[PDB]
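Engineer: Take this structure first; my questions come after.
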There are 2 protein chains.
Amino acid sequence: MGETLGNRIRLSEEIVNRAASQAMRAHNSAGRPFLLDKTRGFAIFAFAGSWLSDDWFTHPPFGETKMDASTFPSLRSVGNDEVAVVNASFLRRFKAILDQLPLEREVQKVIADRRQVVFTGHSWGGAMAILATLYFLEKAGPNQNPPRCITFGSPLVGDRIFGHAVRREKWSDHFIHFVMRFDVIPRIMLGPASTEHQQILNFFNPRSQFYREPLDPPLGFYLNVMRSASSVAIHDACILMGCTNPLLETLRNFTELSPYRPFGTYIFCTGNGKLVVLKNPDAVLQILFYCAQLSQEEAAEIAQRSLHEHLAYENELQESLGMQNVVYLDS
Amino acid sequence: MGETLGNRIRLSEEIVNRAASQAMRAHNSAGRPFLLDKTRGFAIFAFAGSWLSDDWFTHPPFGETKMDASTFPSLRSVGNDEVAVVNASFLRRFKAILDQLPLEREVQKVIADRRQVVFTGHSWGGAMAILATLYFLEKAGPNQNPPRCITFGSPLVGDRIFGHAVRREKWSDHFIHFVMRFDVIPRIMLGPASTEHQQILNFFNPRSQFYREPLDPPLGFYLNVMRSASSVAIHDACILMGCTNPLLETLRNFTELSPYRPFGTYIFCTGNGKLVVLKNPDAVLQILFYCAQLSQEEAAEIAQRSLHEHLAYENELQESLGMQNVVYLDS
């Protein structure tokens with residue numbers, strides 16, 4: 001009733017909180033890639049994250065490949081246009097879930113059971129949730145309600161063409177991505193694979209919280225991530241102002257920039273229980289850097305702070321959704 | 001003859017090189033704020049730089065004030081619009097030159113002598129050259145050829161309204177600002193006054209080159225400058241995408257951002273004798289960060305590199321203007 005976020009995104013606050021809880025429970029669950037949670041009128045498929053570097057980068061610097069035109073036909077480029085680009089490890093792992101597990105049959109079963117389908121994931125798990133949603137959008141029958149995707153601190157998945165295709169097919173609003181202010185994982189794929197990416201993953205792996213000795217984060221990982229985020233944001237700003245790709249390559253001395261870009265509806269948790277909702281992908285890229293800038297020193301502080309925020313989506317949304325202070329930028 | 005940069009900016013290569021040489025000679029010249037160099041058909045007024053912090057910031061964080069509406073009437077805002085903003089120390093020091101020295105009479109004398117007037121300056125001296133040019137544009141008689149301004153590694157001087165007023169009066173093309181790729185001084189006013197600004201100035205003061213002991217640069221000064229440059233560039237990108245000022249203040253948690261913005265024609269020296277010319281002020285702000293990004297580590301390297309580039313405008317332009325490889329972004 002009244003003006004709530006749940007009305008704007010057409011997902012109740014109860015199910016978003018449920019999705020956050022299931023997403024954290026899915027991690028490190030006896031090797032299983034997903035769990036299914038059934039509640040009245042809903043089926044939540046929550047995908048476990050992976051903290052193996054090979055599951056993030058098939059090859060450095062960006063681990064990208066062509067989006068599978070057979071599996072996702074609607075995301076194809078018209079004619080000989082540049083093809084949509086996806087993280088190769090993400091796609092490989094999602095395809096393995098489909099091939100090895102009866103995911104599609106279980107999705108058809110809950111739909112036939114009159115349940116709304118929600119794919120959800122935290123961290124790497126959000127990439128599986130994103131690919132699952134696109135796959136079942138591709139194969140849906142005519143009178144099936146569209147699946148929804150909710151991610152928490154998820155990495156980026158696709159490039160600009162990928163995102164443009166999702167928007168073109170009118171699928172972008174089905175995706176809701178929560179991003180904490182200082183969570184680096186939504187930003188980390190804007191930079192090349194760090195030589196210490198595995199050590200970054202170990203630090204952000206929830207199982208590391210139970211270790212007797214605390215794992216140390218690699219020195220300067222946060223600002224190294226934010227330098228790349230600003231590089232990609234300012235690159236796209238130059239493109240939108242008329243600069244050409246060859247010229248920009250000369251200006252930056254021909255270094256490689258990340259191809260990945262945000263898509264879908266983003267919800268930034270900006271602190272003091274405030275939420276900022278926006279859909280424009282160009283604005284999301286700018287704000288991924290803009291809201292994550294640091295004050296004071298935060299040299300020996302941001303590491304623990306970024307980890308806490310990456311792991312605190314449950315508590316943050318319990319508070320921010322129960323007592324709402326939400327602003328919409330393109331609504 | 002043919003296609004040259006001198007034809008595009010209507011200033012011969014000979015006089016640009018002359019201006020660079022006079023700008024470096026003006027520094028630390030027996031306390032005098034400027035020198036006058038006369039050659040056939042020209043009068044170059046070169047202004048000495050100041051490496052006293054009080055001459056850069058009257059008050060932290062940005063040392064800004066209202067542009068003097070009496071002295072520069074054409075830069076005034078229509079009615080009760082927001083007024084043009086200038087560096088207070090820069091304006092105070094330029095006014096002192098006019099009041100204490102016969103600058104205006106000497107300018108009238110060379111003009112009556114059928115000499116083209118060029119105001120030039122390196123580093124802080126470029127700010128004096130900029131204000132001198134605007135002042136004499138304001139007071140010019142009807143048949144006097146417009147004065148020209150050439151700066152080398154100059155700090156920013158005015159805000160967006162200031163720059164918009166210069167463009168509105170059709171004066172922007174009279175200004176030529178050379179910027180080396182890794183020279184921090186064109187970027188430094190995009191961030192708040194460092195607590196070690198005086199130590200930054202000591203490091204970039206040319207007289208420091210003769211010291212027996214080498215002055216050490218303050219740790220991390222370069223990346224601290226570039227973090228602010230990216231912050232301001234991405235702020236303006238968000239504005240150009242529809243974000244409002246109150247919203248952006250909440251996103252960055254209400255920190256103060258620098259008001260200063262580039263204006264005039266910029267020429268970036270991008271390496272290998274290449275020059276990149278552009279006039280769009282929004283693109284200049286983006287490129288101030290974009291072309292200055294660092295590879296490898298450059299932890300104990302960029303300090304010496306940035307200093308060398310700030311002090312190498314003479315040699316760079318001798319080579320880049322004699323054998324030209326120039327690209328124009330908005331021409």
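Here's how to read the names in the structure tokens: chain A, B, ... by the order shown, residue numbers from 1 in each chain, ligand numbers from 1 in the order shown.
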Write down, as a PyMOL selection string, each residue of chain A that has any atom within 7 Å of an atom of chain B, counting only C-alpha atoms.
Structural biologist: chain A and resi 230-231+234+237-238+241+251-252+270+283+286+290-291+293
Engineer: Output C-alpha atoms for every residue in the selection just made, as an mmCIF file, in the first residue's frame.
Structural biologist:
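Result file follows (selection26.cif):
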```cif
data_model
loop_
_atom_site.group_PDB
_atom_site.id
_atom_site.type_symbol
_atom_site.label_atom_id
_atom_site.label_comp_id
_atom_site.auth_asym_id
_atom_site.auth_seq_id
_atom_site.Cartn_x
_atom_site.Cartn_y
_atom_site.Cartn_z
ATOM 1 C CA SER A 230 37.055 5.835 -12.966
ATOM 2 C CA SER A 231 39.046 5.025 -16.114
ATOM 3 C CA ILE A 234 35.574 8.678 -18.016
ATOM 4 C CA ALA A 237 31.976 10.072 -20.951
ATOM 5 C CA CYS A 238 34.482 10.934 -23.686
ATOM 6 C CA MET A 241 31.035 13.734 -25.987
ATOM 7 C CA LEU A 251 45.394 9.485 -25.344
ATOM 8 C CA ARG A 252 45.704 6.626 -22.840
ATOM 9 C CA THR A 270 24.134 4.828 0.224
ATOM 10 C CA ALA A 283 24.509 6.890 -15.086
ATOM 11 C CA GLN A 286 29.376 6.927 -13.335
ATOM 12 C CA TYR A 290 31.029 8.418 -7.684
ATOM 13 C CA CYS A 291 29.418 7.060 -4.510
ATOM 14 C CA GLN A 293 35.002 7.677 -2.979
#
```
Engineer: Check the DSSP output for the backbone and give back, as a ChimeraX atom specification, the residues of range 9-56 of chain A in helix (DSSP H, G or I).
Structural biologist: /A:9,13-26,53-55
Engineer: Excluding same-chain residues fewer than 6 positions from residue 88 in chain B, what lies within 9 Å of it counting only C-alpha atoms, as a list in words?
Structural biologist: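 Listing them by chain and then by number gives residues 55, 56, 57, 58, 59, 63, 64, 65, 66 and 67 of chain B.
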Engineer: For those residues, write N, CA and C atoms to a file as a short mmCIF file (atom, residue, chain, number, x, y, z; two decimals), in the first residue's frame.
Structural biologist:
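Written file, part.cif:
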```cif
data_model
loop_
_atom_site.label_atom_id
_atom_site.label_comp_id
_atom_site.auth_asym_id
_atom_site.auth_seq_id
_atom_site.Cartn_x
_atom_site.Cartn_y
_atom_site.Cartn_z
N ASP B 55 49.91 32.59 -2.35
CA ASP B 55 49.57 33.09 -3.67
C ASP B 55 48.70 32.12 -4.47
N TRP B 56 48.44 30.93 -3.94
CA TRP B 56 47.56 29.96 -4.58
C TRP B 56 46.21 29.82 -3.88
N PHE B 57 46.19 29.87 -2.55
CA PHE B 57 44.96 29.72 -1.77
C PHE B 57 44.91 30.82 -0.71
N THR B 58 43.94 31.74 -0.83
CA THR B 58 43.70 32.67 0.27
C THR B 58 43.16 31.93 1.49
N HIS B 59 42.33 30.92 1.27
CA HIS B 59 41.71 30.15 2.33
C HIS B 59 41.41 28.77 1.77
N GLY B 63 39.98 28.48 -2.06
CA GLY B 63 40.47 29.83 -2.23
C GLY B 63 39.77 30.65 -3.30
N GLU B 64 38.47 30.41 -3.50
CA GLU B 64 37.69 31.06 -4.54
C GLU B 64 36.95 32.29 -4.01
N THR B 65 36.62 33.19 -4.93
CA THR B 65 35.85 34.39 -4.61
C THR B 65 35.08 34.81 -5.85
N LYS B 66 34.26 35.84 -5.70
CA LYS B 66 33.52 36.38 -6.84
C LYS B 66 34.45 37.14 -7.77
N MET B 67 34.27 36.94 -9.07
CA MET B 67 35.05 37.68 -10.06
C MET B 67 34.68 39.16 -9.99
#
```
Engineer: From a DSSP calculation on the backbone, collect every residue of range 3-62 of chain A in strand (DSSP E or B) and output the set as a ChimeraX atom specification.
Structural biologist: /A:34-39,42-47
Engineer: Give me the residues within 12 Å of residue 30 in chain B as a PyMOL selection string, counting only C-alpha atoms and dropping any in the same chain fewer than 5 places off.
Structural biologist: chain B and resi 25+35+48
Engineer: In terms of the shortest atom-to-atom distance over only C-alpha atoms, which of A:328, A:210, A:90, A:203 is closest to residue 308 in chain A?
Structural biologist: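 Answer, going by the shortest atom-to-atom distance: A:203.
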Engineer: Identify which of the residues B:4, B:120, B:70, B:89 lies closest to residue 20 in chain B, counting only C-alpha atoms when measuring atom-to-atom distances.
Structural biologist: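 Among B:4, B:120, B:70, B:89, it is B:120 that comes nearest to residue 20 in chain B.
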